[PDB]
Amino acid sequence: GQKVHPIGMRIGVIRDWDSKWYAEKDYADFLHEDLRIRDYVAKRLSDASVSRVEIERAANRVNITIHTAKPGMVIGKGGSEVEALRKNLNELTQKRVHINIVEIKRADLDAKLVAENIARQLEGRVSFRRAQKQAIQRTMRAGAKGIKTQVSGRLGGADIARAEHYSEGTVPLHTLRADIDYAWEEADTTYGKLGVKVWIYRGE
RNA sequence: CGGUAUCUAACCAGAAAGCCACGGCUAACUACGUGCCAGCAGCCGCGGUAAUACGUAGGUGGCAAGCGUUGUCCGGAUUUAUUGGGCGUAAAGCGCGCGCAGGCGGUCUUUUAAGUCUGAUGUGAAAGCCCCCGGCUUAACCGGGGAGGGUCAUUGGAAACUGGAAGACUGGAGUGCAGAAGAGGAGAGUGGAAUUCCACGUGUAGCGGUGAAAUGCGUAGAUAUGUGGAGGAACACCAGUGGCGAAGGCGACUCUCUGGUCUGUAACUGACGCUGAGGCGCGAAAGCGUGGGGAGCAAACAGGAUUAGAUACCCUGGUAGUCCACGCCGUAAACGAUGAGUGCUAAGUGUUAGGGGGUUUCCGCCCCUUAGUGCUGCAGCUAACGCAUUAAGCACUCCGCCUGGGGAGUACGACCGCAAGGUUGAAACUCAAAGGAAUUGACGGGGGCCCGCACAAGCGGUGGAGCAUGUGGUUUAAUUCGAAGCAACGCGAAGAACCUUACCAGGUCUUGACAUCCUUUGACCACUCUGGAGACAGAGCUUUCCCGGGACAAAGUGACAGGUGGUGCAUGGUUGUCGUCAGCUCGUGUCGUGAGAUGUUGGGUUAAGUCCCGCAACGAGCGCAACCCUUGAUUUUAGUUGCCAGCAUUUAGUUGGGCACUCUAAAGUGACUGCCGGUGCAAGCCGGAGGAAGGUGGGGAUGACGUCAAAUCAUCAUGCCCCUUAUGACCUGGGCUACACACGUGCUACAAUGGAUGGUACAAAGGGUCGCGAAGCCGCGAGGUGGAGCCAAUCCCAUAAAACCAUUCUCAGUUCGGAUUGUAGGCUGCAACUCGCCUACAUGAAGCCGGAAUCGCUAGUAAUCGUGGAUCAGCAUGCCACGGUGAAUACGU
RNA sequence: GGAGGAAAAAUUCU
Ligand SMILES: [Mg+2]
Ligand SMILES: [Mg+2]
Ligand SMILES: [Mg+2]
Ligand SMILES: [Mg+2]
Ligand SMILES: [Mg+2]
Ligand SMILES: [Mg+2]
Ligand SMILES: [Mg+2]
Ligand SMILES: [Mg+2]
Ligand SMILES: [Mg+2]
Ligand SMILES: [Mg+2]
Ligand SMILES: [Mg+2]
Ligand SMILES: [Mg+2]
Ligand SMILES: [Mg+2]
Ligand SMILES: [Mg+2]
Ligand SMILES: [Mg+2]
Ligand SMILES: [Mg+2]
Ligand SMILES: [Mg+2]
Ligand SMILES: [Mg+2]
Ligand SMILES: [Mg+2]
Ligand SMILES: [Mg+2]
Ligand SMILES: [Mg+2]
Ligand SMILES: [Mg+2]
Ligand SMILES: [Mg+2]
Ligand SMILES: [Mg+2]
Ligand SMILES: [Mg+2]
Ligand SMILES: [Mg+2]
Ligand SMILES: [Mg+2]
Ligand SMILES: [Mg+2]
Ligand SMILES: [Mg+2]
Ligand SMILES: [Mg+2]
Ligand SMILES: [Mg+2]
Ligand SMILES: [Mg+2]
Ligand SMILES: [Mg+2]
Ligand SMILES: [Mg+2]
Ligand SMILES: [Mg+2]
Ligand SMILES: [Mg+2]
Ligand SMILES: [Mg+2]
Ligand SMILES: [Mg+2]
Ligand SMILES: [Mg+2]
Ligand SMILES: [Mg+2]
Ligand SMILES: [Mg+2]
Ligand SMILES: [Mg+2]
Ligand SMILES: [Mg+2]
Ligand SMILES: [Mg+2]
Ligand SMILES: [Mg+2]
Ligand SMILES: [Mg+2]
Ligand SMILES: [Mg+2]
Ligand SMILES: [Mg+2]
Ligand SMILES: [Mg+2]
Ligand SMILES: [Mg+2]
Ligand SMILES: [Mg+2]
Ligand SMILES: [Mg+2]
Ligand SMILES: [Mg+2]
Ligand SMILES: [Mg+2]
Ligand SMILES: [Mg+2]
Ligand SMILES: [Mg+2]
Ligand SMILES: [Mg+2]
Ligand SMILES: [Mg+2]
Ligand SMILES: [Mg+2]
Ligand SMILES: [Mg+2]
Ligand SMILES: [Mg+2]
Ligand SMILES: [Mg+2]
Ligand SMILES: [Mg+2]
Ligand SMILES: [Mg+2]
Ligand SMILES: [Mg+2]
Ligand SMILES: [Mg+2]
Ligand SMILES: [Mg+2]
Ligand SMILES: [Mg+2]
Ligand SMILES: [Mg+2]
Ligand SMILES: [Mg+2]
Ligand SMILES: [Mg+2]
Ligand SMILES: [Mg+2]
Ligand SMILES: [Mg+2]
Ligand SMILES: [Mg+2]
Ligand SMILES: [Mg+2]
Ligand SMILES: [Mg+2]
Ligand SMILES: [Mg+2]
Ligand SMILES: [Mg+2]
Ligand SMILES: [Mg+2]
Ligand SMILES: [Mg+2]
Ligand SMILES: [Mg+2]
Ligand SMILES: [Mg+2]
Ligand SMILES: [Mg+2]
Ligand SMILES: [Mg+2]
Ligand SMILES: [Mg+2]
Ligand SMILES: [Mg+2]
Ligand SMILES: [Mg+2]
Ligand SMILES: [Mg+2]
Ligand SMILES: [Mg+2]
Ligand SMILES: [Mg+2]
Ligand SMILES: [Mg+2]
Ligand SMILES: [Mg+2]
Ligand SMILES: [Mg+2]
Ligand SMILES: [Mg+2]
Ligand SMILES: [Mg+2]
Ligand SMILES: [Mg+2]
Ligand SMILES: [Mg+2]
Ligand SMILES: [Mg+2]
Ligand SMILES: [Mg+2]
Ligand SMILES: [Mg+2]
Ligand SMILES: [Mg+2]
Ligand SMILES: [Mg+2]
Ligand SMILES: [Mg+2]
Ligand SMILES: [Mg+2]
Ligand SMILES: [Mg+2]
Ligand SMILES: [Mg+2]
Ligand SMILES: [Mg+2]
Ligand SMILES: [Mg+2]
Ligand SMILES: [Mg+2]
Ligand SMILES: [Mg+2]
Ligand SMILES: [Mg+2]
Ligand SMILES: [Mg+2]
Ligand SMILES: [Mg+2]
Ligand SMILES: [Mg+2]
Ligand SMILES: [Mg+2]
Ligand SMILES: [Mg+2]
Ligand SMILES: [Mg+2]
Ligand SMILES: [Mg+2]
Ligand SMILES: [Mg+2]
Ligand SMILES: [Mg+2]
Ligand SMILES: [Mg+2]
Ligand SMILES: [Mg+2]
Ligand SMILES: [Mg+2]
Ligand SMILES: [Mg+2]
Ligand SMILES: [Mg+2]
Ligand SMILES: [Mg+2]
Ligand SMILES: [Mg+2]
Ligand SMILES: [Mg+2]
Ligand SMILES: [Mg+2]
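Residues numbered from 1 in each chain as written, not as in the entry; some residues may be left out. Chains lettered and ligands numbered in written order. Part of a larger assembly, values for the part shown. Heavy atoms only, no water. Residues with missing side-chain atoms left out of burial classes, pairs and counts.

Its PDB header names cryo-EM as the technique used to obtain the model and reports a resolution of 3.0 Å.

Take a look at the structure:
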């Protein structure tokens, strides 16, 4: 049986959209400009541990917020990387772009970051069990109420693919006021392609 | 021996270290090379791209002038068990009995010293092991003394025990006396029920058989029924984990001849007993020889069926045999898978054959005891299942047997048999397992309970006809690819004339239609005309980067690009299905040698692992339920584009005016078996009140652990494998729409609850700026023209249709039905032939309610009538939503 | 729960 995307089940219920702008007659072009912005930002700040990007619009003016774990790489020594990004985004959109940076405290409590971590260990040939268990350990000692991870694919370069999952605490997926974060990332292996799924049930 | 041992002086760190191993057993790891190859190996086994096991290098461990390998012996091995094992199910109790030799043997007394125990004498050479002393500079080595070692000969002692002799006694054993029961065995005779065959009356067309049939018997007269006769085998009810026997085994009745057992007495003898190799005898069934008998059944055999085949199971027949007498054979899951004898060790409860006592007039009931036969259970034993006074417990005597699986109960030899074969019984070789009990799952062509529009009760359909659409098949240059029981088939496709397009024909291109960098130029593109089906070529006007940067831009060249090419069985991601089915586990305790178990089993109740009551468990978590959306009632806040009541106005809720009422949308309230009666220990169940609403009120979203190598390399991404002047790229035309046929899903009808004509009411939810498109005018109509109001609670789409009211038709293949075809037109589009949709006039096919069969649905549901939307220039009977009218039935598993 | 007797149904394959 299939499950519904836990984030999709909570958009508008207890969660919020990542694109907080309203438009009519200029909706498709705004949407695809936002998609291009997101892709270009994701391809530039790859190794900066970026957790979330949100975009807003108001009268020929694009505001971008980048929730990231370590702002020192994003916000440079005095504004080198930020201004390079802003100029490139200006040339990409032909608008006026203002870039705002915030820092994620307790970065082990965010699902995308831990999924990136597990994918990075798996790409570096670290046993899947070790990576999953250690990520669970750190996430739980960071103050979570529940963690669940699974890794699926040609595990260890075998001929037949399978999936293995581990958990600690509780993750109630059917409760609507439960605030589960969720992330899926791919690891690029010489044997194929591996998938890492992470559910984090926080206090809310 | 011999200038030998030994000793004295000078020089010298200089002339002197190797082997095996490093994953576990077992002490000691890193890198490189290789890639199921090279190879290692005592075993577990390592080698397929990250090798502490292969080779090497570094390091480490053990030993040392030695270190490894092989061969033989002992240990570990309790794996021949005297010390020191066993035989219910793992290998291991002869099928049973009678018994020679042998082994063992109740109690007491006297006597003997054969066994037993002990003292003395002689001897058990030297060397060797051992103890104490010594000698070589130590040690090895050597010497001295001592000790050890015998079922040893002579001889002296003791007499508890085993043995011998002489006596004595009954508990063992047997006889006597009195009763009891029994399918114990052999011989002869007899009885009834039933089957088969034969003869004769009545009677006519089938009988028999199977999952279905057929072979077969029958009109030459069956099957059926009544009467009589012949012959053979087996003994219904009684009948019972009842009885007898050593075992095999023994069921009708009567008689004759015979074996064994139990209880009662204490009369009699006085250990006369147990076991028992070799011998002798009995021994289910099948089989053999001779002679009878032969009704049923039935190996072999034949025919009919089933099956792909059917040397079988099933059906119709049928010979040996089953029966009797005599003689062989000597086997079995011959089993309680448990050898015989003796004694000891909690209880409860049936039954068979006896004995004693108490109650009681008898009957009967109660207690005690002997010998059998069942069940439940304590200690104890067992790996566990389990056994447990009928031991698999505790002990002793005697016999038989076992030592990893296969080869094999086989070969050679021997004995027995008429034969079939029986008894005794190996080895080479090969494997590292074979096996017993129990546990958690997964299956079964095993079972029980419970639920679901699964069946039942109903309503409407499908299968019949015409058309629309998908699939198979066939055809074709191509008819592009994918989906294949349920879970493929109005499916991907929420729009195939061109494009989409991946397919085919013909015409063209090669760093390229699409990306980064390179080298020169920097704005190239757009436009006109000529040729061409078009892609493309040929001339002119031509290209205006900005501030060396950058993205664009033309030329030439690579590095490269480009694949809807294959593998969904190498994958990520997404989905179907069981199924919104009710499950999946954990913590702490207890029970088990252990893996494990309990909670989670049992009885009720629920939609539900929902809850209650029990119970060695007490709780919790993910799944159920709740939180989210919508609908039904209502309060406050807010009145425009919504509403109009009381007021003036108008073709008009129009204009003025007002939020009263509907309405709109934010926040609350409200339903919880909350209260009442009954029932129940409780959960719960049946009714009642109030309330808009009553039993999770109606409906959504929500899909746990797992199943199907399920679907998708063609949405995307991706390992590996393929093409690269082509499997890439551009164009015009065609095809995906073919048509003897079969299937799936739908639409329209077969008419009077109806057709035609006229009149006339009542919705909801949605869409609209390169868009919706009003009024008016023109047209028979599809439509044209016109341009108002709208970025919308305002304007437009927008006529709702069934329903209702009048007139007509009057049961007719028709004034039903609309396919099919002829002509003339309308729109969109460059273009409507293949191949769009719509209109007018003409034409007027099948079709009379649909066979075997099959589908949906439990209430605002089914049935029926319209409306809107996505895709979309145009195109839906499909899909997704909206309202109008609005049922029947559910006894039950 | 244990022991004894005992009916009726029955196609082939995966
Ligand atoms: Mg599902
Ligand atoms: Mg999802
Ligand atoms: Mg998910
Ligand atoms: Mg997967
Ligand atoms: Mg000399
Ligand atoms: Mg000398
Ligand atoms: Mg000198
Ligand atoms: Mg010198
Ligand atoms: Mg020297
Ligand atoms: Mg020196
Ligand atoms: Mg030296
Ligand atoms: Mg040396
Ligand atoms: Mg090595
Ligand atoms: Mg070395
Ligand atoms: Mg060394
Ligand atoms: Mg030994
Ligand atoms: Mg043994
Ligand atoms: Mg024994
Ligand atoms: Mg055995
Ligand atoms: Mg026996
Ligand atoms: Mg035997
Ligand atoms: Mg015997
Ligand atoms: Mg004897
Ligand atoms: Mg004696
Ligand atoms: Mg000596
Ligand atoms: Mg000597
Ligand atoms: Mg000395
Ligand atoms: Mg010596
Ligand atoms: Mg000596
Ligand atoms: Mg001596
Ligand atoms: Mg000694
Ligand atoms: Mg004496
Ligand atoms: Mg006696
Ligand atoms: Mg007759
Ligand atoms: Mg006497
Ligand atoms: Mg014998
Ligand atoms: Mg016989
Ligand atoms: Mg005979
Ligand atoms: Mg037969
Ligand atoms: Mg035998
Ligand atoms: Mg036996
Ligand atoms: Mg015994
Ligand atoms: Mg008894
Ligand atoms: Mg018992
Ligand atoms: Mg035993
Ligand atoms: Mg086994
Ligand atoms: Mg089992
Ligand atoms: Mg189960
Ligand atoms: Mg079953
Ligand atoms: Mg069902
Ligand atoms: Mg039903
Ligand atoms: Mg149904
Ligand atoms: Mg029915
Ligand atoms: Mg019907
Ligand atoms: Mg129907
Ligand atoms: Mg219908
Ligand atoms: Mg049909
Ligand atoms: Mg048909
Ligand atoms: Mg038809
Ligand atoms: Mg039809
Ligand atoms: Mg039609
Ligand atoms: Mg159609
Ligand atoms: Mg076809
Ligand atoms: Mg052809
Ligand atoms: Mg072809
Ligand atoms: Mg096809
Ligand atoms: Mg495919
Ligand atoms: Mg379904
Ligand atoms: Mg289907
Ligand atoms: Mg359908
Ligand atoms: Mg089609
Ligand atoms: Mg074309
Ligand atoms: Mg490629
Ligand atoms: Mg492959
Ligand atoms: Mg495939
Ligand atoms: Mg896959
Ligand atoms: Mg699959
Ligand atoms: Mg496949
Ligand atoms: Mg898959
Ligand atoms: Mg396959
Ligand atoms: Mg299931
Ligand atoms: Mg299950
Ligand atoms: Mg369970
Ligand atoms: Mg149980
Ligand atoms: Mg629960
Ligand atoms: Mg729920
Ligand atoms: Mg309302
Ligand atoms: Mg009520
Ligand atoms: Mg609800
Ligand atoms: Mg497959
Ligand atoms: Mg399937
Ligand atoms: Mg399939
Ligand atoms: Mg396939
Ligand atoms: Mg590919
Ligand atoms: Mg792809
Ligand atoms: Mg596909
Ligand atoms: Mg494909
Ligand atoms: Mg596609
Ligand atoms: Mg339909
Ligand atoms: Mg219809
Ligand atoms: Mg008509
Ligand atoms: Mg009318
Ligand atoms: Mg109306
Ligand atoms: Mg409306
Ligand atoms: Mg529209
Ligand atoms: Mg309309
Ligand atoms: Mg309308
Ligand atoms: Mg007609
Ligand atoms: Mg026509
Ligand atoms: Mg046409
Ligand atoms: Mg056309
Ligand atoms: Mg006409
Ligand atoms: Mg005609
Ligand atoms: Mg006709
Ligand atoms: Mg008629
Ligand atoms: Mg049905
Ligand atoms: Mg229902
Ligand atoms: Mg309808
Ligand atoms: Mg109609
Ligand atoms: Mg309609
Ligand atoms: Mg309709
Ligand atoms: Mg409509
Ligand atoms: Mg429509
Ligand atoms: Mg349209
Ligand atoms: Mg339709
Ligand atoms: Mg149409
Ligand atoms: Mg319809
Ligand atoms: Mg029902
Ligand atoms: Mg029974």
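Novice: I keep staring at the nonpolar core and nothing clicks. Help me out?
Specialist: Buried together is how nonpolar side chains tend to be arranged in soluble globular proteins. The biggest cluster of nonpolar side chains holds 22 residues, and the ones touching the most others in it are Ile-118, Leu-122, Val-151, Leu-194, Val-196, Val-198 and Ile-200. Put simply, the parts of the chain that give this core at least two residues each are α4 (111–123), α5 (128–141), β4 (146–153), β6 (180–189) and β7 (192–201). Considering every element that reaches this core, the biggest residue donor is α4, with 6 residues. Residues contacting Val-196, with those up to four places away along its chain left out, are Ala-115, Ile-118, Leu-122, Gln-150, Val-151, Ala-183, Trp-184 and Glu-185. (Core = buried A, V, L, I, M, F, W, Y, C linked by side-chain atoms within 4.5 Å. Buried < 20%, exposed > 50% of the residue type's maximum accessible area, 1.4 Å probe, protein only. Helix = DSSP H or I, 4+ residues; strand = E, 2+ residues; numbered from the N terminus. Contact = heavy atoms within 4.5 Å.)

Novice: I'm lost on the UniProt feature "domain: KH type-2" (unreviewed entry) in chain A in this one. Help?
Specialist: Feature annotation in UniProt assigns "domain: KH type-2" (unreviewed entry) to the following positions: residues 37–105. Along residues 37–105 the backbone is 38% helical and 32% strand, and the end-to-end C-alpha distance reaches 25 Å. (UniProt positions renumbered as here; feature names shortened; annotations may be inferred.)

Novice: I tried to follow the sheet that holds β4 on my own but got confused; where do I start?
Specialist: Paired through their backbone hydrogen bonds, the strands of a sheet run either parallel or antiparallel. The 4 strands lie next to each other as β5-β4-β7-β6, forming an open sheet whose pairing is antiparallel. Edge positions in the sheet fall to β5 (162–169) and β6, since each of these pairs with one other strand and no more. Each neighbouring strand pair of the sheet contributes to a mean axis angle of 10°, computed without reference to strand direction. Note: β4 against β7, 7 bridges, orientation antiparallel. Bridge assignment links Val-151 to a residue of β7, and that residue is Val-196. Sheet strands touched by α4: β4, β6 and β7. Its angle to β6, the strand with the most contacts, is close to 20°. Sitting on the sheet, α5 is in contact with β4, β5 and β7, with an inclination near 20° to β5. (Pairing = 2+ DSSP bridges. Axes fitted to C-alpha atoms, helices over the stretch in contact; angles between N-to-C directions.)

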